[PDB]
Amino acid sequence: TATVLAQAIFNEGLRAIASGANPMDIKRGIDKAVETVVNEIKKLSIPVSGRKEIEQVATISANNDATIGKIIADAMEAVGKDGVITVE
Amino acid sequence: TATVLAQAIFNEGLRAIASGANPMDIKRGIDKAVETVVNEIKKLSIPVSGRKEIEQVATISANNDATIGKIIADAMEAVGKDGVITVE
Amino acid sequence: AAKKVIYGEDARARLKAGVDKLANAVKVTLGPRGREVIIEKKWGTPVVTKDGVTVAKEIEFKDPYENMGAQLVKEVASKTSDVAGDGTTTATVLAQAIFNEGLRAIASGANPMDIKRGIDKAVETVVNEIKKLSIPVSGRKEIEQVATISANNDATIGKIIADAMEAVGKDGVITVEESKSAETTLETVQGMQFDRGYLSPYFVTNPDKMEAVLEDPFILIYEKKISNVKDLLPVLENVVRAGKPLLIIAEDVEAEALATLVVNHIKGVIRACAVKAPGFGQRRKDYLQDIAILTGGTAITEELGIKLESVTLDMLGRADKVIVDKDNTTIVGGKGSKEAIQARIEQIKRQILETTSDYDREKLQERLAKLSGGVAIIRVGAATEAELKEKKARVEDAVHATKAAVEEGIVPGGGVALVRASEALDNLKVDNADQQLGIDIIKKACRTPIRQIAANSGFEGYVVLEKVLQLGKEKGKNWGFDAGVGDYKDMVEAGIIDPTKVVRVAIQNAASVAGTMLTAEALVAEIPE
Ligand SMILES: Nc1ncnc2c1ncn2[C@@H]1O[C@H](COP(=O)(O)OP(=O)(O)NP(=O)(O)O)[C@@H](O)[C@H]1O
Ligand SMILES: [K+]
Ligand SMILES: [Mg+2]
Ligand SMILES: [Mg+2]
């Protein structure tokens, strides 16, 4: 996702610069927009309640693999909040 | 003048297209701009008053030659406003 | 001569290169807003065109094997245009789409024979759906719309063509002729024309316009010569003592006859003129009655050809308006006996139409349409002779396309008809996986021309295609995408319609040429130089 975003910003920035815009001011405008976006993201955030969100996050990150999500959800439950999970 | 203008429009048009602009939308903007420019040209123009402006135009039309401009201006005066002038 | 043969995949690769090079140049001109193609003219200014037919006519490649694919598609695409008017660029676009997708399926290991069977089955389903989607032409409104779309979206040409069909009728002929006028005009003449004109130029009444129309003519058709002084003087003296304006039609021209008439015209005694001998063979009998349609007099034939003159009360021959040109004459008016010999009009409508199956209808129409009420001539005007050339050709195609629309009906334009027809391929199923691949090849191909039109106008093709598919269920089947202005609307209501014959022939012809090239195994060409 970060690589896709980086290409999109660079491609759109080149088009704006080709129209005669100042590159330094474009960078300043980009910095201001990201601060607003990050603040809006934090407002949209939801705290993790329990095992349901943990299993759902693990399943999605594992490319929709329910078997991996169940194991990781069990692993976090056993080790608690201060535990460390290792993959071998 | 037409050759100079044609190169300027073509070179700048290719630069815009190379940056990712839609060529069809570029032509629409070019057509709209030309219509505005032509209308402003008509507003800026003034009618020819008499022999003074006719002589000036003929002089500029030639290689800035006053003798040719005077001869042409006299030809229009003698012939009239609806005759023909032949170069032999 | 020594020849080089290319086998198997190498042979099809050569054809693909030739087809792609031809299609890529042609397909950019598809739609009302096609891109420009610049063609070099030797020792002259380059020609800029968006026609597509003009671009295809100039395409030829040095490589004989690549030229094989280009010429094969060009010949098939031309056949589509010849039969139904438009469809040259659409057939080329469809042929490339089917061929490219077919090669990809074969490259994956599919059976080429099974692919062709699936392609044939899909085309039959698409054609049937096209017929269901078509509607009959109602009247002048749809005829004008079809003619406008058939041309370069020109309303003036569409109006002229629609008026020509209205005046001529449902079974006549419309001719497109040369001119130098600054504007295009419509010329309509009552009666019938003749393929020949002046026998002698001395008959001309006014040299400036070179016209020698005769008022209240008394024409003398002869199935015999009857052109000597002995053969004509009793005819002449009877005409002289009657004062009837003279027209002499004979088996051939005589120097003696014209010499005395030129002298007579100089003397002014007799209103003499002649149209030599138009037609050949049994065509005379039709021509004999053609004047009898209008002058109301019996034909002289050979019965009155003998005895040196019509003695009995035969061949009144009394017209009132006859036109003459260099190689053209028109008999326009007269006292009229149309209804009496309308049985022969019924006869040719009953007999010659019955024997049309031998493909002699061109001779029948060339007789029937002239024997009909009248014909109209399209007069073409442009800036340059080169500009006059392609406009004249475009008008002829628009007339042919309009005729095809009346014959079979109309369908929504802009590639919508193929998109709607391709929707029925989703439910079509076969028991063979490879035949299923051929069905999907046609479905993708049917949705290609609409994307090309959108791409040419400056829009994303796949976005337009998705919107058109959605609008089929939300609004209706006739809803599509307009390319002149970037909005979606009802194509049938907006007047952007195409003949259903054009769509039907284009898909059938494109699939036919693509199918043969898919199974081609060898290319034989002479070694250059
Ligand atoms: N305003 C329009 N909006 C959308 N599609 C249009 C419009 N006008 C015409 N078309 C479609 O564009 C196609 C005609 O474009 P054209 O480039 O003439 O194709 P062709 O008839 O196959 N080629 P040619 O034989 O050279 O006339 C048809 O499918 C028309 O239905
Ligand atoms: K076009
Ligand atoms: Mg100058
Ligand atoms: Mg066309």
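Heavy-atom basis, side chains included; hydrogens, waters and symmetry copies ignored. We name chains A, B, ... by the order of the sequence lines, and we start the count at 1 in each one. Both counts, for ligands and for their atoms, begin at 1 and track the order of listing.
Here C:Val502 has no heavy atoms under 4.0 Å from ligand 1, in either its backbone or its side chain. Looking at C:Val53 against ligand 1, both its backbone and its side chain come within 4.0 Å, counting heavy atoms. When heavy-atom distances to ligand 1 are checked against a 4.0 Å cut-off, C:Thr90 comes that close through both its backbone and its side chain.
Between B:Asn39 and B:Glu35, the side chains place no donor N or O within less than 3.5 Å of an acceptor N or O (distance only, hydrogens not considered). C:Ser422 and C:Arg447 form a side-chain donor-acceptor contact under 3.5 Å, judged by distance and modelled atom types alone. A side-chain N or O of C:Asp20 and one of C:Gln96 form a donor-acceptor pair less than 3.5 Å apart.
Here is the list of ligand 1 atoms found below 4.0 Å of a heavy atom in C:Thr29: 17 (O). Listed by number with element, the atoms of ligand 1 under 4.0 Å from a non-hydrogen atom of C:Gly413 are 31 (O). Close contacts of ligand 1 with C:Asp498, meaning ligand atoms under 4.0 Å from a residue heavy atom, involve 28 (C), 29 (O), 30 (C), 31 (O). Interface atoms of ligand 1 facing C:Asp51, defined by a heavy-atom separation under 4.0 Å, are 26 (O). Against a heavy-atom cut-off of under 4.0 Å, C:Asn153 is close to the following atoms of ligand 1: 8 (N). Against a heavy-atom cut-off of under 4.0 Å, C:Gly414 is close to the following atoms of ligand 1: 5 (N), 11 (C), 29 (O), 30 (C), 31 (O). Proximity to C:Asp482 (heavy-atom distance under 4.0 Å) selects the following atoms of ligand 1: 1 (N), 2 (C), 3 (N).
Look at C:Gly31 and you'll find a heavy atom under 4.0 Å from some atom of ligand 1. Using a 4.0 Å heavy-atom cutoff, C:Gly87 is listed among the residues neighbouring ligand 1.
Under 3.4 Å from the K ion (ligand 2) lies an N/O/S atom of C:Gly31, whether from backbone or side chain. The K ion (ligand 2) has C:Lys50 among its coordinating residues (N/O/S atom, backbone or side chain, under 3.4 Å). The Mg ion (ligand 4) has no N, O or S atom of C:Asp397 inside 2.8 Å of it. At least one N/O/S atom of C:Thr29, whether from backbone or side chain, sits less than 3.4 Å from the K ion (ligand 2).
Salt bridge C:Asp120/C:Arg117: absent, no basic N to carboxylate O contact under 4.0 Å. Ion pairing of C:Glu366 with C:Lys370 is present here, as a side-chain N (NZ or NE/NH1/NH2) and a carboxylate O approach within less than 4.0 Å. Under the 4.0 Å criterion applied to side-chain N and carboxylate O atoms, B:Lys27 and C:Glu36 are assigned as salt-bridge partners. With respect to the salt-bridge test (charged N to carboxylate O, under 4.0 angstrom), the residues C:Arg104 and C:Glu101 qualify.
Listed for the C:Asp325 side chain is no donor-acceptor partner under 3.5 Å among the backbone atoms of C:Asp327.
Remark: C:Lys16 is not positioned above the aromatic ring of C:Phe99, lacking an NZ or CZ atom under 6.0 angstrom from the ring centre and at most 45 degrees off the axis.
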